[PDB]
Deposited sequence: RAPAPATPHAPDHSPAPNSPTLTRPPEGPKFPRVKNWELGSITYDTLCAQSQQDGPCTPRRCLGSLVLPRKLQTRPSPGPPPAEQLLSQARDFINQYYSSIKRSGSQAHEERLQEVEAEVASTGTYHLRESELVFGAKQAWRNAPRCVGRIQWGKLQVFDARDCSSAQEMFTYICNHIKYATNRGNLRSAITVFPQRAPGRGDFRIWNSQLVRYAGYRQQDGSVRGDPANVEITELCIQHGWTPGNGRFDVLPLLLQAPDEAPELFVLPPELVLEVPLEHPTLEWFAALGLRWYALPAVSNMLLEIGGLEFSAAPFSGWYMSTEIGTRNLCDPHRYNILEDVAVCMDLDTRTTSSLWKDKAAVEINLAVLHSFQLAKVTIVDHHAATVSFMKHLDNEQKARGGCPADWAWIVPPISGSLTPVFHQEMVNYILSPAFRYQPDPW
């Protein structure tokens, strides 16, 4: 039942015993592996057992398991659930749950950081207006003038008798995508839909490719409300190249803070539909995906041409050459602007360190090989060469449907 897992560079071998504590099925069966799929196809007595489970996790972690407080806390949960069908987490438990859900995130290469997360309790929130205020303090704290600090902010749990608090935007900072006459897109094509919903709910659009979108925030069973982030909070890094001086001409820029805003956080059976969290970028996310995917800004040809590369033929590897300059430019420009970033070499090295830690601490580490291995130079990094077991542990960030 316990997989042999091998590193092929170093010949080293471990066994995952941690997977045994997974109790949510993934999409694979013995007939066919489905691990490369981005999304899944996708309660009285049972919320109860996830709660015991989780409270157990919490008291084991402060090394006070089977102590008195443990018992009296299990009794709280029971009594609360028996009468109301639900319960509430103490602030310190939430803090524990939030860090554990990062820890369990199998798609995340930055997990070495997991124990260092600033947790904002925003459960005493009753309006879109307040969410905005909480969302602003988060951006301000996490951004920290370029010296970035991981942070999550947690809005009120989902409740049986009403709508969810939701942030409609997929990220706290997004560039407008304007769907043009000839069906081309000025700006980020990833953000066409959200851009149109913002216009639909009253927003005045610009005509740049890097227009910072407003936030569409929704309090339960209310029309979402629109807030313009103040430009002074959203820090942005102009893109240039250490030697290629025309690179600066291309007006390229990315924003400092990668803050995911549409995922749901699950802890001990409670669900937190709005709980944005942020760290700092690994440079390939910007330099390779956001700028080079052909269904994003798709700037590879432009760059290659400016680099005077023979475009005609795949075999001159013009794609590979320009991709590498753009990634260098993202690192260069971030290090200049003194904004926190990490390259895929440093990041995957530190990730290797994390597997070793997690092997000593828990007996394994859930890991999604296709998301961990970077999008350029995969086998140049040590994770390419490391087998990994993937599986769902709770607490967990999960995808959730879009509100509209």
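Note to self: So, counting the deposited sequence from position 1, which segments are absent from the coordinates?
What the structure shows: Gaps in the modelled chain, taken against the deposited sequence, lie at 1-29, 72-81.
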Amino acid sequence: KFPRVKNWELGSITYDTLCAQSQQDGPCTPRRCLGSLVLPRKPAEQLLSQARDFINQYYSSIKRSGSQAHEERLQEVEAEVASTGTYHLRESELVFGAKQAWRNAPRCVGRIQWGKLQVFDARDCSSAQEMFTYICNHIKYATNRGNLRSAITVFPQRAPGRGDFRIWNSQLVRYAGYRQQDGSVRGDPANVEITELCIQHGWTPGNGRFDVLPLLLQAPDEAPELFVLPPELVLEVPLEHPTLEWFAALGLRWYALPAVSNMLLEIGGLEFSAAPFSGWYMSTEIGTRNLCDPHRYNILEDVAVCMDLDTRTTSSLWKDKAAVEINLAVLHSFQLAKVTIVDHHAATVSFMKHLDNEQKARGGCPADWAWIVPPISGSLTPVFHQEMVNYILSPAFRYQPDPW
From here on, numbers count along this sequence of modelled residues.
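Heads up, when I say rigid core I mean the largest set of C-alphas that superpose within 1.5 Å between the two forms.
Check: Fitting on the core, do the C-alphas of 67-75 or of 285-293 deviate more in 9 other deposited structures of this protein?
Finding: Once the cores are fitted, 67-75 deviates more in 9 other deposited structures of this protein.
Checklist line | RMS CA shift, core-fitted in 9 other deposited structures of this protein, bigger for 43-51 or for 347-355 | finding: Most displaced of the pair in 9 other deposited structures of this protein: 43-51.
Check: Do the C-alpha atoms of 50-58 or of 366-374 have the higher average B factor in the entry?
Finding: The deposited B-factors put 50-58 ahead on the C-alpha mean.
Margin query: Highest mean C-alpha temperature factor of the two stretches 244-252 and 325-333, which is it?
Written below: In the deposited entry, the stretch with the higher C-alpha B-factor mean is 244-252.
Item checked: Of the residues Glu266, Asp320, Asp293, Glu130, the one carrying the largest Cα B-factor as recorded -> Highest C-alpha B-factor among the listed residues goes to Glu130.
Margin query: Using only the C-alpha B-factors in the record, can you name which of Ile139, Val260, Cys198, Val154 has the highest?
Written below: That would be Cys198.
Next item on the list: Could you say whether, by C-alpha temperature factor, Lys42 belongs to the lowest, middle or highest third of its chain?
Entry: Highest third - that is where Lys42 ends up once the chain's C-alpha B-factors are sorted.
Check: C-alpha B factor of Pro214, ranked within the chain: lowest, middle or highest third?
Finding: Middle third of the chain for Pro214's C-alpha B-factor.
Next item on the list: Can you work out whether the C-alpha temperature factor of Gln68 puts it in the lowest, middle or highest third of the chain?
Entry: Highest third of the chain for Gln68's C-alpha B-factor.
Note to self: Quick check for you: using the entry's CA B-factors within this chain, is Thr204 in the lowest, middle or highest third?
What the structure shows: Its C-alpha B-factor, which the entry lists for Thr204, ranks in the highest third among residues of this chain.
Next item on the list: Would you check the entry's CA temperature factor for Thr17 and let me know if it's in the chain's lowest, middle or highest third?
Entry: As the PDB entry reports it, the C-alpha B-factor of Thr17 lands in the middle third of its chain.
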